[PDB]
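Enquirer: The structure is given below, and queries will be raised subsequently.
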Protein chains: 2
Amino acid sequence: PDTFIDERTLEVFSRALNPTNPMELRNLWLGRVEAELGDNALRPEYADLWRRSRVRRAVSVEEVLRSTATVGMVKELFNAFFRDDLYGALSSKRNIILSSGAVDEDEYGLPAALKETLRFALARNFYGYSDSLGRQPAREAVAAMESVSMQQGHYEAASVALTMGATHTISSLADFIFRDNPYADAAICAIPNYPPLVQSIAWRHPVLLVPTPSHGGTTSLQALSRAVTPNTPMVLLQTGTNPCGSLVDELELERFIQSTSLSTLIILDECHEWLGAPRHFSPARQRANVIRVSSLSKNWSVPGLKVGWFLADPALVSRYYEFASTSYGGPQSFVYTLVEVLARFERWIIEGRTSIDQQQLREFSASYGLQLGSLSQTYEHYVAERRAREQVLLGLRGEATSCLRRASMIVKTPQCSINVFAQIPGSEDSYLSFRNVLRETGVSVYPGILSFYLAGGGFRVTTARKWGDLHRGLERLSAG
Amino acid sequence: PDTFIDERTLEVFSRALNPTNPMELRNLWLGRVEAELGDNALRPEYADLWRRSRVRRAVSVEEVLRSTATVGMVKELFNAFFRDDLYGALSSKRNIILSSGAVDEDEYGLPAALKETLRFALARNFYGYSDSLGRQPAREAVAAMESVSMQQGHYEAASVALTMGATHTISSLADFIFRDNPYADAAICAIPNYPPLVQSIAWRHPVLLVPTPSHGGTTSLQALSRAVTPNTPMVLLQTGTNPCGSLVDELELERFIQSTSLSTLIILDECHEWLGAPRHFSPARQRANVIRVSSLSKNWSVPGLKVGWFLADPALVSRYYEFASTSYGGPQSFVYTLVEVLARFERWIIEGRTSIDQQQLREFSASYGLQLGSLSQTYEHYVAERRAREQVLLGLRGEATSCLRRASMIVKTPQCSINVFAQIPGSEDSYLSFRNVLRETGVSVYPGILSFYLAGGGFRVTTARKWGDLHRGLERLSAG
Ligand SMILES: NC(=O)c1ccc[n+]([C@@H]2O[C@H](COP(=O)([O-])OP(=O)(O)OC[C@H]3O[C@@H](n4cnc5c(N)ncnc54)[C@H](O)[C@@H]3O)[C@@H](O)[C@H]2O)c1
Ligand SMILES: NC(=O)c1ccc[n+]([C@@H]2O[C@H](COP(=O)([O-])OP(=O)(O)OC[C@H]3O[C@@H](n4cnc5c(N)ncnc54)[C@H](O)[C@@H]3O)[C@@H](O)[C@H]2O)c1
């Protein structure tokens, strides 16, 4: 069963001088981890700090999940992991990085059809000022793409707002939602989640953390449904769960969505709902209080392009126009052609189209100068490249699951995305396991504490790497 | 003399039902403008609303400049200008756009050397996750570029934080500064300014508007210096003033900077300090409380790329790392090569280098595969392209000033940037002049009310357009 918090987590919060301070909590958490590393402690200053700590209060489970310091402490550990541990003191060229959580851009990158649209925008000087919500033909293409996946209903361009990635989208949404929001109940964030997203929400409003366990690759929203109140301002939930790779059932999601008041905005993080997800969305996903956020960083492996959008009610998108104009002025006009081509190519794939006639070419404008022969060949090669990428990534995920289970390690079966969650038997600290595995085997893994797994010793393994690196990393994981 | 506010501005605020409401103020301002348009009123609903309004309070000059509704009203007029008037109801393909305020990307675009670095990043798949403050070699190049322009002192890579444009930078800075800022005095924004920047600051803290008049192309900070208090949280000021094109004297800026306490952060908007500006910065610009914000949107004419950075104290940049990671995760990794090449090319130009030896090539890494022959030719052609662009833009600005003065219109002589501020004699409303000029001549101009010129009827004319469009626009301006 999934473990989210236990008595070991409460020990750090109980000995803190100031439990509200996120820096003191991070130092104690790092101090305890480095105390177990007797002769292998990287920073002995924190190890002595934990030794001198003394229990001075009683901490309950409810206190930890309702504290903004818990989100802050995890985010500080998130910061210390990258710039202080993985790419800082312990940075090495001989390390095998299995903790990135992103698809290898050099091996599995953007398709050549989509890279051609970026060179086309460069040649046409398509990098001027544009609308705050995005160019209108780009939004129209996105709406058509999202409509064919719905069981019933369609989407309009007034429901689409292009943004600069999912991290910026949710951060922008939280600031926009909590301007003068009358509802004073704590915002609900479902864990496991992404610390940058949770910390951004904790910036504006107090946050309640609700565990969302998974059983057999199925994400359970039973605990989430009970915690949601009629006065809840917002809810952040992943349809495809990270790091375990579990997936939310459509009927359970539909029942949970329909059981909430219209004043409770539901943010659906759909960045991991791919590579095995049956994307047949119920009409409840188009409810007035539902906001669907997606990004190109994982599915198309372009995190450095900062391209994304969200779907909401047309009245909400109209209000967001004023926020986007002031906050950043508008999205990237350089990638408007890429978004329009991506949305129309994906929509044709869902409809099962194999060849392109004059009807599909007429969807694009005449200013592009598209030809029937060139567009048809481009789309067919795009389909083959996307299907090939899906099969290789599925094979790597399955191969990693079997190889890592052969090393007598408890592994949860993934249902979507590119991540596999595993745990060495007898491990109780996820950050300590990262330090131990990196020192002995030389492979870096993503600790579960960075995924809001306050308890347990499981870690995330990213299987969407080059086969040469992935095989070597798995080989030393079994040997170690 | 410059007029910022008068009795005509106070009339709108006095008749408002709710003076705090920005929408009511915008409707009255638009209603009065459309009341003068007897048979030419675009929306007669607002014209009747102004007629029925009655005076119900007394409004002073100090009340208008200390109200967040004044910033909101101007920003609503900013929104109504673009999506409701220029590109909405009155949108037409026969209109000549002289109100964009940006360099024509199709005619005067990014240099081919800088466009080659974007195609290089595409081929090398340089669109992955990166540091929250930017890639280290990119920041090192920027610091070297900024150091050669200083009269004394140098910059380090710890003082550089890459961001996604100036609008996003100032919006991010305002949120970062006002997290738990103890100083409760009103933030000071110098007008004329950019409504998106002022509205973003008004989001976090109350704002005081301080007029910053110009005389003979010289921006006067005498009024700004008196308004600044030891408890002032932040000050937003443009070194190159928009729309008039005036410039701040270096000695006056140095005296103003050195006369402020270290607790008053000074944001220097330097996006218009080019095309005639003597960029010889005093050491006071490197003070611990000074933040220098720049962008590539105007000087390099790439607003759609969202590329920029700011310079601050190394201690402030370190704290900003946590904010950038949560707010948006980090800057655009796709443009890292462009930033590094831009910064090193500009630094060589300032030093007066004409040829490239092995010493300059060694500054770049060996992973780029740069050759001595190719790099030297690329830099020399980049210098010629940048110098050619400067001369044509200067000629268009000078030609527009003389031709538009020949039409018996009061024109302020510009000292920098690409904008020229003019006023038809007898005009008292800037927005009305925009409606009248667009209806008769067919040329669109940028009203001064959108530049926080609450009084007067002057408008901004953008001279950085194609000569065919600029000449036709000037010809119908004189005829009309
Ligand atoms: N000019 C300003 O200072 C300013 C400021 C704020 C908002 N705006 C917004 O600018 C918009 C201007 O729109 P528009 O009439 O240029 O049309 P548009 O919205 O179709 O295109 C705007 C710009 O997007 C870029 N672009 C990128 N990919 C493109 C593609 N495939 N096809 C066409 N353009 C592409 C080009 O630079 C183009 O000029 C308005 O909606 C306005 O509200 C302008
Ligand atoms: N992987 C993650 O999920 C994640 C999350 C948060 C932060 N980070 C940050 O990612 C960084 C990774 O740095 P790194 O070791 O890859 O080195 P780096 O910082 O030099 O390069 C990072 C990435 O930038 C891109 N890039 C763009 N232009 C480039 C150029 N000219 N040369 C090289 N790369 C270029 C590439 O995708 C490259 O892999 C760390 O600083 C880390 O803190 C990673």
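Residues are named by chain letter and number: chains run A, B, ... in the order of the structure tokens, numbers start at 1 in each chain, and ligands are numbered from 1 in the order shown.
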Please list as a PyMOL selection string every residue within 7 Å of residue 396 of chain B, counting only C-alpha atoms and excluding residues in the same chain fewer than 3 positions away.
Expert: chain B and resi 392-393+399-400+463-464
Enquirer: Set the distance at 9 Å and use only C-alpha atoms: which residues neighbour segment 227-232 of chain A once local chain neighbours fewer than 4 positions away are removed? I'd like the list as a PyMOL selection string.
Expert: chain A and resi 183-188+210+223+260-265
Enquirer: With distances taken over only C-alpha atoms, which of B:81, B:203, B:446, B:382 is nearest to chain A?
Expert: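 Checking each candidate against chain A, we get B:203 as the closest.
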Enquirer: Restricting the calculation to only C-alpha atoms: of B:457, B:206, B:373, B:276, which residue gets closest to residue 68 of chain B?
Expert: B:206
Enquirer: Residues contacting ligand 2 - anything with an atom at most 8 Å away, using only C-alpha atoms and all ligand atoms - can you give me those as a PyMOL selection string?
Expert: (chain A and resi 79+82-83+86-87+99-102+105+304) or (chain B and resi 121+125-132+134-138+325+329-330+333-337+340+367-368)
Enquirer: Let's have the selection written as a JSON list (two decimals), in the first residue's frame, with N, CA and C atoms.
Expert:
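Written file, out_15.json:
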```json
[["chain", "number", "residue", "atom", "x", "y", "z"],
["A", 79, "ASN", "N", 14.92, 22.33, -4.22],
["A", 79, "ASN", "CA", 16.00, 23.21, -4.65],
["A", 79, "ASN", "C", 17.36, 22.63, -4.28],
["A", 82, "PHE", "N", 18.76, 19.77, -6.73],
["A", 82, "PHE", "CA", 19.31, 20.07, -8.05],
["A", 82, "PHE", "C", 20.60, 20.88, -7.96],
["A", 83, "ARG", "N", 20.53, 22.09, -7.40],
["A", 83, "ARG", "CA", 21.68, 22.99, -7.45],
["A", 83, "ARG", "C", 22.71, 22.72, -6.37],
["A", 86, "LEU", "N", 22.77, 17.29, -6.84],
["A", 86, "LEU", "CA", 22.95, 16.56, -8.09],
["A", 86, "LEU", "C", 23.86, 17.31, -9.06],
["A", 87, "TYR", "N", 23.63, 18.61, -9.23],
["A", 87, "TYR", "CA", 24.42, 19.44, -10.12],
["A", 87, "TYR", "C", 25.35, 20.38, -9.37],
["A", 99, "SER", "N", 16.88, 10.56, -12.98],
["A", 99, "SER", "CA", 15.99, 11.34, -12.14],
["A", 99, "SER", "C", 15.47, 12.60, -12.82],
["A", 100, "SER", "N", 15.74, 12.77, -14.12],
["A", 100, "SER", "CA", 15.31, 13.98, -14.81],
["A", 100, "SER", "C", 13.79, 14.06, -14.90],
["A", 101, "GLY", "N", 13.13, 12.93, -15.14],
["A", 101, "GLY", "CA", 11.70, 12.92, -15.30],
["A", 101, "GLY", "C", 11.20, 13.42, -16.64],
["A", 102, "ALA", "N", 12.10, 13.64, -17.59],
["A", 102, "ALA", "CA", 11.74, 14.17, -18.90],
["A", 102, "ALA", "C", 12.31, 13.26, -19.99],
["A", 105, "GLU", "N", 15.72, 14.61, -25.06],
["A", 105, "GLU", "CA", 15.52, 15.44, -26.25],
["A", 105, "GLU", "C", 16.47, 15.05, -27.37],
["A", 304, "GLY", "N", 12.07, 23.35, -23.01],
["A", 304, "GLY", "CA", 12.73, 24.62, -23.20],
["A", 304, "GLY", "C", 12.03, 25.57, -24.13],
["B", 121, "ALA", "N", 20.35, 25.77, -32.34],
["B", 121, "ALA", "CA", 19.73, 25.15, -31.17],
["B", 121, "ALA", "C", 18.69, 24.12, -31.57],
["B", 125, "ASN", "N", 19.03, 20.12, -30.52],
["B", 125, "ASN", "CA", 17.99, 19.78, -29.54],
["B", 125, "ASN", "C", 18.23, 20.50, -28.21],
["B", 126, "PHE", "N", 18.66, 21.76, -28.28],
["B", 126, "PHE", "CA", 18.88, 22.57, -27.08],
["B", 126, "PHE", "C", 17.58, 23.22, -26.60],
["B", 127, "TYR", "N", 16.60, 22.37, -26.29],
["B", 127, "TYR", "CA", 15.32, 22.80, -25.73],
["B", 127, "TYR", "C", 14.91, 21.92, -24.56],
["B", 128, "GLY", "N", 15.86, 21.59, -23.69],
["B", 128, "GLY", "CA", 15.58, 20.84, -22.49],
["B", 128, "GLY", "C", 15.50, 21.73, -21.25],
["B", 129, "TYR", "N", 15.30, 21.08, -20.11],
["B", 129, "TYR", "CA", 15.27, 21.79, -18.84],
["B", 129, "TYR", "C", 16.64, 22.37, -18.51],
["B", 130, "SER", "N", 16.63, 23.52, -17.84],
["B", 130, "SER", "CA", 17.87, 24.22, -17.53],
["B", 130, "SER", "C", 17.72, 24.91, -16.18],
["B", 131, "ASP", "N", 18.71, 25.73, -15.83],
["B", 131, "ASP", "CA", 18.72, 26.43, -14.55],
["B", 131, "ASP", "C", 17.61, 27.47, -14.49],
["B", 132, "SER", "N", 17.17, 27.77, -13.26],
["B", 132, "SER", "CA", 16.10, 28.74, -13.07],
["B", 132, "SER", "C", 16.55, 30.16, -13.40],
["B", 134, "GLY", "N", 19.07, 30.73, -15.60],
["B", 134, "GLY", "CA", 19.68, 30.69, -16.91],
["B", 134, "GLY", "C", 20.98, 29.89, -16.90],
["B", 135, "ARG", "N", 21.40, 29.52, -18.11],
["B", 135, "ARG", "CA", 22.63, 28.74, -18.27],
["B", 135, "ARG", "C", 23.84, 29.61, -17.93],
["B", 136, "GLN", "N", 24.83, 28.99, -17.26],
["B", 136, "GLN", "CA", 25.95, 29.76, -16.73],
["B", 136, "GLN", "C", 26.79, 30.46, -17.80],
["B", 137, "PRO", "N", 27.21, 29.80, -18.89],
["B", 137, "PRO", "CA", 27.94, 30.55, -19.92],
["B", 137, "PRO", "C", 27.15, 31.70, -20.52],
["B", 138, "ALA", "N", 25.83, 31.58, -20.62],
["B", 138, "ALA", "CA", 25.02, 32.68, -21.13],
["B", 138, "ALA", "C", 25.06, 33.88, -20.19],
["B", 325, "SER", "N", 12.09, 29.47, -9.99],
["B", 325, "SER", "CA", 11.82, 28.04, -10.08],
["B", 325, "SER", "C", 10.35, 27.73, -9.85],
["B", 329, "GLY", "N", 9.69, 28.08, -13.48],
["B", 329, "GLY", "CA", 10.66, 27.03, -13.61],
["B", 329, "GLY", "C", 12.00, 27.47, -14.16],
["B", 330, "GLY", "N", 12.01, 28.47, -15.04],
["B", 330, "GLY", "CA", 13.24, 28.96, -15.61],
["B", 330, "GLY", "C", 13.01, 29.61, -16.96],
["B", 333, "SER", "N", 15.39, 27.85, -22.63],
["B", 333, "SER", "CA", 16.67, 27.25, -22.97],
["B", 333, "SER", "C", 16.92, 27.27, -24.47],
["B", 334, "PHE", "N", 15.87, 27.46, -25.28],
["B", 334, "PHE", "CA", 16.02, 27.47, -26.73],
["B", 334, "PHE", "C", 16.84, 28.66, -27.20],
["B", 335, "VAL", "N", 16.84, 29.76, -26.45],
["B", 335, "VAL", "CA", 17.50, 30.99, -26.87],
["B", 335, "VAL", "C", 18.83, 31.21, -26.15],
["B", 336, "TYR", "N", 19.36, 30.19, -25.47],
["B", 336, "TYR", "CA", 20.62, 30.36, -24.74],
["B", 336, "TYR", "C", 21.77, 30.67, -25.69],
["B", 337, "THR", "N", 21.83, 29.99, -26.83],
["B", 337, "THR", "CA", 22.89, 30.25, -27.79],
["B", 337, "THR", "C", 22.80, 31.66, -28.36],
["B", 340, "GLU", "N", 24.13, 34.17, -25.71],
["B", 340, "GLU", "CA", 25.58, 34.13, -25.56],
["B", 340, "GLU", "C", 26.29, 34.77, -26.75],
["B", 367, "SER", "N", 32.32, 22.69, -27.99],
["B", 367, "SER", "CA", 31.17, 21.90, -28.43],
["B", 367, "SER", "C", 30.44, 22.55, -29.60],
["B", 368, "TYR", "N", 30.56, 23.87, -29.76],
["B", 368, "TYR", "CA", 29.91, 24.55, -30.88],
["B", 368, "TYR", "C", 30.57, 24.23, -32.21]]
```
Enquirer: So how far away is atom CA of residue 162 of chain A from atom 29 (C, counted along the ligand's line) of ligand 1, in Å?
Expert: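 Separating atom 29 (C, counted along the ligand's line) of ligand 1 from atom CA of residue 162 of chain A is a distance of 13.6 Å.
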Enquirer: Between A:314, A:31, A:233, A:109, which one has atoms that come closest to chain B, using only C-alpha atoms?
Expert: A:109
Enquirer: Mind checking DSSP for segment 246-478 of chain A and telling me the helix (DSSP H, G or I) residues as JSON, numbers by chain?
Expert: {"A": [250, 251, 252, 253, 254, 255, 256, 257, 258, 283, 284, 285, 286, 303, 304, 305, 314, 315, 316, 317, 318, 319, 320, 321, 322, 323, 324, 325, 326, 327, 336, 337, 338, 339, 340, 341, 342, 343, 344, 345, 346, 347, 348, 349, 350, 358, 359, 360, 361, 366, 367, 368, 372, 373, 374, 375, 376, 377, 378, 379, 380, 381, 382, 383, 384, 385, 386, 387, 388, 389, 390, 391, 392, 393, 394, 395, 396, 397, 398, 399, 400, 401, 402, 403, 404, 405, 406, 430, 431, 432, 433, 434, 435, 436, 437, 438, 439, 440, 448, 449, 450, 451, 467, 468, 469, 470, 471, 472, 473, 474, 475, 476, 477, 478]}
Enquirer: Report the residues of segment 309-427 of chain B whose backbone DSSP state falls under strand (DSSP E or B), written as JSON, numbers by chain.
Expert: {"B": [309, 310, 311, 410, 411, 419, 420, 421, 422, 423]}
Enquirer: May I have the residues within 10 Å of residue 479 of chain B as a short mmCIF file (atom, residue, chain, number, x, y, z; two decimals) with N, CA and C atoms, in the first residue's frame, using only C-alpha atoms and disregarding those fewer than 4 positions away in the same chain?
Expert:
```cif
data_model
loop_
_atom_site.label_atom_id
_atom_site.label_comp_id
_atom_site.auth_asym_id
_atom_site.auth_seq_id
_atom_site.Cartn_x
_atom_site.Cartn_y
_atom_site.Cartn_z
N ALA B 407 3.72 70.11 -41.25
CA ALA B 407 2.27 70.16 -41.21
C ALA B 407 1.74 71.03 -40.08
N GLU B 440 -10.59 60.32 -40.58
CA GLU B 440 -10.35 61.19 -41.73
C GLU B 440 -9.16 60.71 -42.55
N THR B 441 -7.97 60.71 -41.94
CA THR B 441 -6.76 60.38 -42.68
C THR B 441 -6.63 58.89 -42.93
N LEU B 474 2.59 59.63 -43.31
CA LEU B 474 2.92 61.04 -43.11
C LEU B 474 2.23 61.93 -44.13
N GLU B 475 2.06 61.44 -45.36
CA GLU B 475 1.43 62.25 -46.40
C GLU B 475 -0.03 62.54 -46.08
#
```
Enquirer: Using only C-alpha atoms, which residue out of B:402, B:70, B:327, B:391 lies closest to chain A?
Expert: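 When distances to chain A are compared using only C-alpha atoms, the smallest one comes from B:327.
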